[PDB]
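Just so you know, we're using the authors' numbering here: the sequence shown kicks off at 1 and counts up by one.
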Amino acid sequence: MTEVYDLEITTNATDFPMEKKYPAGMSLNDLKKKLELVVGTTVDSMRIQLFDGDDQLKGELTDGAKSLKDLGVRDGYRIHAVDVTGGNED
(Lines of atoms letter the chains of each structure in order from A; the text may use other names.)
(Lines give C-alpha, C1' and ligand atoms only; values in the text may rest on other atoms or scores of the structure.)
Protein backbone atom coordinates (compact mmCIF):
# COMPACT_ATOMS: atom_id res chain seq x y z
CA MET A 1 0.00 0.00 0.00
CA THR A 2 2.58 2.54 1.09
CA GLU A 3 5.58 2.64 -1.15
CA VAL A 4 8.92 2.72 0.44
CA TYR A 5 12.30 2.67 -1.19
CA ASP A 6 15.64 1.76 0.35
CA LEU A 7 18.57 4.02 -0.23
CA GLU A 8 22.23 4.42 0.40
CA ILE A 9 22.87 8.05 1.06
CA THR A 10 26.15 9.69 0.41
CA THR A 11 27.19 13.22 0.73
CA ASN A 12 30.24 15.17 -0.01
CA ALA A 13 30.41 16.60 3.47
CA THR A 14 30.13 13.22 5.09
CA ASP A 15 32.36 10.25 4.38
CA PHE A 16 29.91 7.87 5.95
CA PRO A 17 27.29 6.23 3.69
CA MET A 18 23.92 5.92 5.38
CA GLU A 19 21.47 3.25 4.46
CA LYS A 20 17.90 4.01 5.19
CA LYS A 21 14.52 3.28 3.79
CA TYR A 22 12.15 6.17 3.02
CA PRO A 23 8.59 6.62 1.63
CA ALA A 24 8.54 6.84 -2.15
CA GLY A 25 5.18 8.48 -1.94
CA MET A 26 6.71 11.56 -0.41
CA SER A 27 8.43 14.44 -2.27
CA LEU A 28 12.16 14.78 -2.84
CA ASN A 29 11.90 17.99 -0.89
CA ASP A 30 11.20 15.96 2.23
CA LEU A 31 14.00 13.50 1.54
CA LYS A 32 16.46 16.27 1.02
CA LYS A 33 15.06 18.14 4.06
CA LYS A 34 15.90 15.00 5.98
CA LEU A 35 19.37 15.31 4.53
CA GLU A 36 19.40 19.09 5.17
CA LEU A 37 18.75 18.27 8.80
CA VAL A 38 21.83 16.08 9.01
CA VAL A 39 24.16 18.12 6.83
CA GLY A 40 22.90 21.56 7.81
CA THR A 41 22.66 22.62 4.20
CA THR A 42 19.66 24.38 2.60
CA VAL A 43 17.49 23.36 -0.42
CA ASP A 44 19.16 25.22 -3.31
CA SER A 45 22.59 24.81 -1.93
CA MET A 46 22.16 21.10 -1.56
CA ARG A 47 22.23 19.28 -4.80
CA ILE A 48 21.02 15.70 -5.15
CA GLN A 49 22.60 13.37 -7.64
CA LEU A 50 21.15 9.98 -8.35
CA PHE A 51 23.24 6.93 -8.90
CA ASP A 52 21.37 3.96 -10.22
CA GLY A 53 21.31 0.64 -8.56
CA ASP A 54 23.52 -0.77 -11.28
CA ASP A 55 26.43 1.71 -10.99
CA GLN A 56 25.99 4.65 -13.35
CA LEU A 57 24.84 8.14 -12.54
CA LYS A 58 21.46 8.78 -14.08
CA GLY A 59 21.27 12.44 -13.47
CA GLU A 60 20.27 15.07 -11.07
CA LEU A 61 16.94 14.91 -9.35
CA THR A 62 16.11 18.30 -8.05
CA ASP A 63 12.36 17.84 -8.59
CA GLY A 64 10.46 17.57 -5.39
CA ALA A 65 7.22 18.57 -6.94
CA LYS A 66 6.70 14.91 -7.71
CA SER A 67 6.85 11.87 -5.57
CA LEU A 68 9.98 9.84 -5.27
CA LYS A 69 8.01 7.00 -6.79
CA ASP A 70 6.94 9.18 -9.77
CA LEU A 71 10.53 10.27 -10.13
CA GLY A 72 11.40 6.60 -10.33
CA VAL A 73 14.03 6.83 -7.63
CA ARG A 74 13.28 3.27 -6.56
CA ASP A 75 14.99 1.09 -4.01
CA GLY A 76 18.54 -0.05 -4.02
CA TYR A 77 19.64 3.31 -5.34
CA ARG A 78 22.35 5.51 -4.08
CA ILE A 79 21.50 9.10 -3.43
CA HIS A 80 24.34 11.46 -3.35
CA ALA A 81 23.91 14.84 -1.84
CA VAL A 82 26.43 17.51 -2.45
CA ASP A 83 26.81 20.81 -0.67
CA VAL A 84 27.45 23.49 -3.19
CA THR A 85 27.54 26.53 -0.88
CA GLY A 86 30.86 25.45 0.60
CA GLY A 87 32.25 24.76 -2.88
CA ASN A 88 33.04 21.15 -2.02
CA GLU A 89 32.47 18.60 -4.75
CA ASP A 90 35.84 16.90 -4.62
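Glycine included, each C-beta is placed from N, C-alpha and C at the ideal position.
Residue burial classification, residue i (beta-carbon count within 10 angstroms, cutoff 16)
i: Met18; result: exposed
i: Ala65; result: exposed
i: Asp83; result: buried
i: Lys32; result: buried
Span separating the alpha-carbon of residue i from that of residue j
i: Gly87; j: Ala24; result: 30 Å
i: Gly76; j: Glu3; result: 14 Å
i: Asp54; j: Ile48; result: 18 Å
i: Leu28; j: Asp6; result: 14 Å
Bridge partner(s) assigned by DSSP for residue i
i: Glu60; result: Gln49
i: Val4; result: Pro23
i: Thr11; result: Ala81
Beta-carbon proximity check, residue i vs residue j, cutoff 7 Å
i: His80; j: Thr10; result: yes
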